[PDB]
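Q: Mind folding the following:
(4 chains, ligands or ions: 8)
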There are 4 protein chains.
Amino acid sequence: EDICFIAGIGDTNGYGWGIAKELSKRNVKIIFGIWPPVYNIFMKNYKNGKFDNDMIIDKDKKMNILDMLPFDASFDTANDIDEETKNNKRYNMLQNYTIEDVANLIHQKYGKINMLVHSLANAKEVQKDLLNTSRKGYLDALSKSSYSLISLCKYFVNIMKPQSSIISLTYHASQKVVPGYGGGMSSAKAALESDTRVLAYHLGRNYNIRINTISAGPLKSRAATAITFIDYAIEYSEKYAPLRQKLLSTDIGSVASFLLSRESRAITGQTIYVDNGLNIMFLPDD
Amino acid sequence: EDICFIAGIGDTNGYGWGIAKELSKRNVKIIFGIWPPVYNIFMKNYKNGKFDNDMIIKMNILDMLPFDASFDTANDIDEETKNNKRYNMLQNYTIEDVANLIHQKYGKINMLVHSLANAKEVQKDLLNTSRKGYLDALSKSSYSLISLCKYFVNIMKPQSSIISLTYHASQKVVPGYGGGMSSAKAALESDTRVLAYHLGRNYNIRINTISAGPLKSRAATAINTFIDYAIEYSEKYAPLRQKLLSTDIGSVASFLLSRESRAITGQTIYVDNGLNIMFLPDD
Amino acid sequence: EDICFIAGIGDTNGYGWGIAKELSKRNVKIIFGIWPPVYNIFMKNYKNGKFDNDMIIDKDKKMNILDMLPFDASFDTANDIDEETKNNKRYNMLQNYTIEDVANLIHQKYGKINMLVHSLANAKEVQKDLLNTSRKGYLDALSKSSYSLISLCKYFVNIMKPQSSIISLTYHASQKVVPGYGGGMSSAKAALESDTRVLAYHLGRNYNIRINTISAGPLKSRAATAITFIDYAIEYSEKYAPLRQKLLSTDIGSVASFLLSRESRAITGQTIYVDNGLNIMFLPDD
Amino acid sequence: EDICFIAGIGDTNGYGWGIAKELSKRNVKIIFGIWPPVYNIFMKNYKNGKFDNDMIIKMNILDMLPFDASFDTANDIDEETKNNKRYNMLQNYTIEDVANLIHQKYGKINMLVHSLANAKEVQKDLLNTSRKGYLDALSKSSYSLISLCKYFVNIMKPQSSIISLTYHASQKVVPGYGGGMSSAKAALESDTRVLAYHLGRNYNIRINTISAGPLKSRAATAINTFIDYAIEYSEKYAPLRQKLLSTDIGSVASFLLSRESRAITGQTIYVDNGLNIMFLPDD
Ligand SMILES: NC(=O)c1ccc[n+]([C@@H]2O[C@H](COP(=O)([O-])OP(=O)(O)OC[C@H]3O[C@@H](n4cnc5c(N)ncnc54)[C@H](O)[C@@H]3O)[C@@H](O)[C@H]2O)c1
Ligand SMILES: NC(=O)c1ccc[n+]([C@@H]2O[C@H](COP(=O)([O-])OP(=O)(O)OC[C@H]3O[C@@H](n4cnc5c(N)ncnc54)[C@H](O)[C@@H]3O)[C@@H](O)[C@H]2O)c1
Ligand SMILES: NC(=O)c1ccc[n+]([C@@H]2O[C@H](COP(=O)([O-])OP(=O)(O)OC[C@H]3O[C@@H](n4cnc5c(N)ncnc54)[C@H](O)[C@@H]3O)[C@@H](O)[C@H]2O)c1
Ligand SMILES: NC(=O)c1ccc[n+]([C@@H]2O[C@H](COP(=O)([O-])OP(=O)(O)OC[C@H]3O[C@@H](n4cnc5c(N)ncnc54)[C@H](O)[C@@H]3O)[C@@H](O)[C@H]2O)c1
Ligand SMILES: Oc1cc(CCc2ccccc2)ccc1Oc1ccc(Cl)cc1Cl
Ligand SMILES: Oc1cc(CCc2ccccc2)ccc1Oc1ccc(Cl)cc1Cl
Ligand SMILES: Oc1cc(CCc2ccccc2)ccc1Oc1ccc(Cl)cc1Cl
Ligand SMILES: Oc1cc(CCc2ccccc2)ccc1Oc1ccc(Cl)cc1Cl
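A: Numbers count the residues shown, from 1 in each chain, chains lettered A, B, ... in the order given. Ligands and ions are numbered 1, 2, ... in the order given. Below you will find the coordinate block:
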């Protein structure tokens, strides 16, 4: 009986869903953490049957969704909730959605878990290049995309079993430049990859828990489209990557499933590339 | 059905055996390519049942073939080795010949493990290594991967997968990892990228390398017991303090060889309890 | 006539001073940016002759200090000055010390400059390991140590000549784990090294200006001592680095001087290690 | 006074010449080691004054010596090359002999440049490279650095400095950089670390490598005009859009060889207008 918390699903078109689907093949029970502004729309669509085909694994298997909870990675505890958000129409009907509140809820309802997925990012100035990003904009990217991972580990470690495992998602813009990946998103991914190492040291030594990050190639997710640098990145990857196949969210999903299992017990602190090999190339091969 | 060729098993104390065990768990059929210096004894020990405890999960060894990755084709075999005591009776042990042999008996296969290394002057530091010694390390430990690819690629299906084993001394200095071995592993990790480009584009085949932590194998023990220090250091300082097992590398190998890793290629994946991530002893 | 702005000197015991000294050999005119809480003590010591021996370059040369200005890397513009700090006894007697204010002052007094040094870091929670660092603590480290570099470039680019050059200082904890380098300092250095690349792209393409970072080995600076992980790091480096010599601030200084000159015109976006080789080692060589 | 040996100049269109020019600016005395296939023509062109325009900053060429980094000692020279048309008249061109020669004429020196590479099968992709071709690339382009170190180290002062040149195809795939050249540069960058450990500890000598961007040298032009594409791509996409000059590498070389870089060792330093930092064309 394995339980995974996946923080960062808003629809069926991102990596978090692909990860949920692949874990389900292994009979892992899934809890979704859903950003409060899209929580109700998600629930409506789910209730309305919009995701029913998206949920099919096998001839014999539906995805087993244990729960779906509102989850906001910008707040650590109840003390951090600011009053404008406390009053926002979308947040008003929701409760216990800070990082600590959701660990407590999960623990109270289901007991201890053994897999944790961070699958989320935000950067209010993602559309500006780094040089024109404000302090507020930069720190928001770091806060939502990088620090949220450390906070998640801090609060969830207490409700996890020994030999538990943690993954996050990153992008290669942290290491090589991608013009257009703005707003301090590149900086936040670099911090996330570095933090994955430091966290692996503390979590390995103090709890025997492992943490890794998957550097994913491009996927036409809601976040990607909102940034169409994405249609370009996808076309580029499909022309130039060693592997010509379309990169699927379930390609990242099956890697995540492995990293989250005991089959990878001797892997920790690593950035694992799942991108059809594209990261290895220097120049276009024209 | 999955068929894997493992080049580089001589006993049950190395990474090749741990990889065999884990692949057998997943019901993949295993063919061993065994270096002629140890071929007769491995066979004998197996027949005489000494590996019975070691095969307990039981393993499905399809075939056990003499194999010497120094030789690309039968024409490369020098007269001396051809006439040598351990080679004289044996046939079809070159890279081209074992590939041809395997294809003839079993058809196309889908998994290839390179799990071997050799270097005449491993006990000399790099600065004191001869041209002959350095090139011997590159020939046996790096070029052997390229040639294995070249020949096995024609008897492998699309979507097949290749792994080798490497060591972090390619990237950070390990005094004692001598004879051009550090150089050979740096070349192997770089070649893993270039191969991944050619194999992916032309054959839809994947190739990755596992950077393993220390294990007290036959090879490791022979190198003038830095190995027991290496192990002790890893168990004291790695983020993860469990004993590193051969089957720990084996389960990551199984993953990389399987269709679960279809979007991973050209990568060096560290299976080392995280030791590689540390800068300074945390004393 | 070359002018360099060095932001981050508090005394003669850090890297900024070593950099100032080596630039002075090349007859570059130096402006110091000095954190306001230590500005007056610095000035007093300077006036009192405390640094006179520290200032000697040659038999023939004193260091040419063009000006010394209060400079606070936590504030971008006059609008950002918060009222508690506006009232702090040390800030009360000082003005025009935000990043934009000091670029304007330098420009007004001396015209355009051609070298810029970022030599500063802070992290209010540096003493906590990463897992126990708060959001506030983490974002403070990123704000003062990482974002300050982007802000400096944004405001100083307008007062720089073409073919100008920029360096910052980093540490290898960004890339490999150093227990004790807490507070999100590791994360901030990782962001700084990544940002150095992204900035090099924008600054190279839009202004023909270069930017690099020096990854320095350990030096017994005020900041290092305040963290004695430092006495240990220094002893370790001196036993285990390829090069056995004591690492001097002027060893980093002479590298900085080169990176800031036209002799390195084809180098940009790089992390250059100046650490006696220590970064290349895997295990102690006992 | 500073004395530098530059191994790998055959003309004025390569990195070796650009390095010579910049070192001469700093009044270092330059000795050239010139490969015998081009030795007579280089000498002739120099004597006949064709390099007069090229030497304008004027340069201080101390000596010009035939040198073949394939040979560690006189005993390594095969009878065929010893008797060959271009080698037959020449003496003292092995690594040990040029070191001995230099020491005898000039005493100890303080600077060494490795600026050479060679590979029989550079035009073949890696997968199609023979064992002989791959090992030839490693021998000439990587091992030559180790051996140069071994011998020059005894005729170098403490605090001396060594550089080689490398290319980013060691780290990221460049289709067309064939024949084991990518492998050779990965080995050279790794060996630069191991050497830095041994040389630093035992001799207080530094060693670093420069990863240069593209330059239309004789060597580059011979490889079946990817070079003109490489250059055009670099000038369109690098953060810095200036033409990359030979003397741009030369001024970084001068820095690394000088006491200004005394705390830098084991490093691969990119001098490439920043091209290496990019992931995707910014189109
Ligand atoms: N799509 C790609 O091409 C790609 C490539 C590499 C890495 N990634 C990474 O994968 C991860 C998932 O993104 P995706 O592309 O699947 O897009 P997505 O739009 O499916 O998921 C991003 C999720 O983050 C959530 N989120 C935003 N702010 C939040 C907050 N304050 N608190 C809690 N949740 C919040 C959003 O609701 C959204 O569901 C991200 O870390 C992203 O950086 C994506
Ligand atoms: N033991 C470790 O700690 C360790 C760590 C990292 C990497 N590795 C790597 O793992 C791989 C296996 O090493 P091991 O430690 O398990 O040693 P091992 O002694 O168990 O296996 C090496 C095998 O290579 C075979 N071999 C050598 N030359 C051959 C040739 N020319 N043709 C065919 N076979 C040949 C030998 O018979 C031997 O069985 C190597 O690539 C090694 O560098 C080992
Ligand atoms: N000392 C080392 O061992 C070492 C090693 C590697 C990197 N570094 C880096 O070198 C740089 C300089 O540090 P140092 O070791 O010379 O110490 P230092 O104490 O000499 O200098 C740090 C300076 O930063 C200033 N500062 C702090 N907060 C500021 C703010 N909000 N605004 C403006 N200035 C502020 C301080 O006044 C201080 O003068 C830092 O970036 C540090 O991370 C140091
Ligand atoms: N041209 C480029 O774009 C470029 C880019 C990156 C790196 N490099 C590297 O720079 C170095 C110099 O290359 P270049 O492009 O200036 O070419 P080049 O043709 O100017 O110089 C290479 C020299 O090596 C000499 N040489 C070859 N084999 C030798 C041997 N066995 N002994 C003695 N000398 C020998 C040749 O005579 C030749 O002068 C090489 O290490 C090369 O890989 C070149
Ligand atoms: O981290 C990502 C990385 C990519 C890679 C493709 C790409 C898109 C846009 C610009 C450059 C590259 C797509 C989507 C990603 O997720 C993001 C990006 C930005 C933001 Cl604000 C949020 C999220 Cl979830
Ligand atoms: O690549 C290896 C790496 C290690 C771990 C590190 C180590 C052990 C002993 C001395 C130095 C370093 C052990 C065995 C390894 O396999 C080798 C090494 C050298 C040789 Cl000649 C052959 C083999 Cl199979
Ligand atoms: O970035 C640095 C890096 C070191 C390396 C040596 C070291 C000291 C303490 C813990 C670990 C390593 C020393 C000082 C450094 O400067 C710092 C560190 C922390 C802070 Cl809050 C400020 C500054 Cl200027
Ligand atoms: O190492 C080099 C790197 C380049 C730049 C990249 C390049 C040029 C032409 C084809 C492919 C790649 C040019 C020349 C280089 O020197 C070489 C390459 C191969 C050989 Cl056999 C000899 C030399 Cl000197």
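
Q: For the residue in the stretch 51-200 of chain A that ligand 7 sits nearest to, which non-adjacent residue is spatially closest?
A: Per C-beta to the nearest ligand atom, residue A:198 is where the stretch 51-200 of chain A lies closest to ligand 7, at 12.0 Å. Quick note: C-beta positions are derived from backbone N, CA and C, even for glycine. Excluding the flanking residues, the one nearest residue A:198 by C-beta to C-beta, 6 or more residues apart in numbering or on different chains is residue C:130, at 4.6 Å.

Q: With residue A:230 instead?
A: Among residues not flanking residue A:230 along the chain, residue A:224 sits closest, at 4.1 Å (C-beta to C-beta, 6+ apart).

Q: Could you state which residue of chain A sits nearest its centroid?
A: Closest to where the C-alpha atoms of chain A average out (C-alpha atoms, centre = their mean) is residue A:119, at 0.5 Å.

Q: Which residues of the stretch 151-286 of chain A lie near ligand 5?
A: By C-beta under 6 Å from any ligand atom, the residues of the stretch 151-286 of chain A that approach ligand 5 are A:171, A:178, A:180-181, A:185, A:218, A:221, A:223-224, A:227, A:229-230, A:233.

Q: Filter the residues you listed down to just the ones in helices.
A: Counted as lying in helices by DSSP state H, out of these, are A:185, A:223-224, A:229-230, A:233.

Q: can you give me the helices for chain A?
A: A:15-25, A:36-47, A:83-87, A:89-92, A:99-110, A:135-142, A:148-156, A:185-207, A:222-226, A:229-240, A:249-259.

Q: quick one on the thing from earlier: counting neighbours, which of the ones in helices among the residues of the stretch 151-286 of chain A next to ligand 5 comes out on top?
A: Scoring these on neighbours with other C-beta atoms under 10 Å in any protein chain shown, the highest-scoring entry is residue A:185 at 28 neighbours.

Q: ok, the residue lying closest to that residue once chain neighbours are set aside - contacts?
A: Excluding its sequence neighbours, the residue lying closest to residue A:185 (C-beta to C-beta, 6+ apart) is residue A:123, at 4.7 Å. When contacts are counted by C-beta atoms under 8 Å, 6 or more residues apart in numbering or on different chains, residue A:123 touches A:137, A:140-141, A:144-145, A:182-185, A:188.

Q: Tell me which two in these are the farthest apart.
A: A:144 and A:182 (14.6 Å; C-beta to C-beta).

Q: Comparing these two, which residue is more hemmed in?
A: Neighbour count, other C-beta under 10 Å: between residue A:144 and residue A:182, residue A:182 has more, with 24 against 19.

Q: Pick out the residue of chain A closest to ligand 2.
A: residue A:266 (12.0 Å).

Q: so how many other residues sit close to that residue?
A: When neighbours are defined as other C-beta under 10 Å, residue A:266 has 25 of them.

Q: Likewise for residue A:20?
A: Neighbour count of residue A:20, defined by other C-beta under 10 Å: 30.

Q: distance of it from residue A:64?
A: Using C-beta to C-beta, to the nearest Å, one obtains 10 Å as the distance from residue A:20 to residue A:64.

Q: who touches both of those two?
A: residue A:30.

Q: which residues touch whichever residue of chain A sits closest to ligand 4?
A: Ligand 4 sits closest to residue A:282 of chain A, with a gap of 12.3 Å, by C-beta to the nearest ligand atom. Residue A:282 sits next to D:168-169, D:171-174 when contact means C-beta under 8 Å, 6+ apart.

Q: which ones are touching the closest residue to residue A:30 other than its chain neighbours?
A: Leaving aside its sequence neighbours, residue A:30 sits nearest to residue A:20 (C-beta to C-beta, 6+ apart; 5.0 Å). When contacts are counted by C-beta under 8 Å, 6+ apart, residue A:20 touches A:6, A:9, A:30, A:32, A:63, A:65, A:253.

Q: how many other residues sit next to the closest residue to residue A:247 other than its chain neighbours?
A: Of all residues not flanking residue A:247 in the chain, residue A:217 sits nearest, at 4.7 Å (C-beta to C-beta, 6+ apart). Residues lying near residue A:217 (other C-beta under 10 Å) number 24.

Q: is it true that residue A:126 touches residue A:140?
A: No: applying C-beta atoms under 8 Å, one finds residue A:126 not in contact with residue A:140, separated by 9.7 Å.

Q: how close does the residue of chain A closest to ligand 2 get to ligand 6?
A: 14 Å (C-beta to the nearest ligand atom, to the nearest Å).

Q: go on, residue A:188?
A: Residue A:188 is 36 Å from ligand 6, by C-beta to the nearest ligand atom.

Q: I figured residue A:150 was touching residue C:137, is that so?
A: No: counting by C-beta under 8 Å, residue C:137 is not a contact partner of residue A:150; they are 10.3 Å apart.

Q: And those two? Which one has more around it.
A: More crowded of residue A:150 and residue C:137, by other C-beta under 10 Å: residue A:150, with 25 against 20.

Q: Let me see the contact set for the more buried one.
A: So residue A:150 contacts A:195, A:199, C:130-131, C:133, C:138 (C-beta under 8 Å, 6+ apart).

Q: number of nearby residues for the nearest residue to residue A:196 once chain neighbours are set aside?
A: Residue nearest to residue A:196 in three dimensions, not counting chain neighbours: residue A:213, with 4.6 Å by C-beta to C-beta, 6+ apart. Burial of residue A:213 is recorded as 28 neighbouring residues (other C-beta under 10 Å).

Q: you'd agree residue A:213 is up against residue A:270?
A: Yes: the pair residue A:213 and residue A:270 qualifies as a contact (C-beta under 8 Å) at a distance of 7.5 Å.

Q: hey, what's in contact with both of the two?
A: Residues within reach of residue A:213 and of residue A:270 at once, by C-beta under 8 Å, 6+ apart, are residue A:196.

Q: At the contact with ligand 1, which residues of chain A appear?
A: A:8-10, A:14-16, A:35, A:38, A:71-74, A:119-122, A:144, A:169, A:171, A:216, A:218-219, A:221-224.

Q: Type out the ChimeraX command that picks the buried ones from the residues you listed.
A: The ChimeraX command for the buried members of the residues of chain A next to ligand 1 (criterion: 16 or more other C-beta atoms under 10 Å in any protein chain shown) is given here:
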select /A:8,9,10,14,15,16,35,38,71,72,73,74,119,120,121,122,144,169,171,216,218,219,221,223,224
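
Q: Now for the closest residue to residue A:192 other than its chain neighbours: which residues touch it?
A: Nearest residue to residue A:192, sequence neighbours excluded (C-beta to C-beta, 6+ apart): residue A:146, at 4.9 Å. Taking C-beta under 8 Å, 6+ apart, we find residue A:146 in contact with A:188-189, A:191-192, A:195, C:138, C:187.

Q: swap the cut-off to 10 Å and go again
A: Residues near residue A:146 by C-beta atoms under 10 Å, 6 or more residues apart in numbering or on different chains: A:118, A:121, A:168, A:170, A:184-185, A:187-195, C:138-139, C:142, C:184, C:187, C:190-191.
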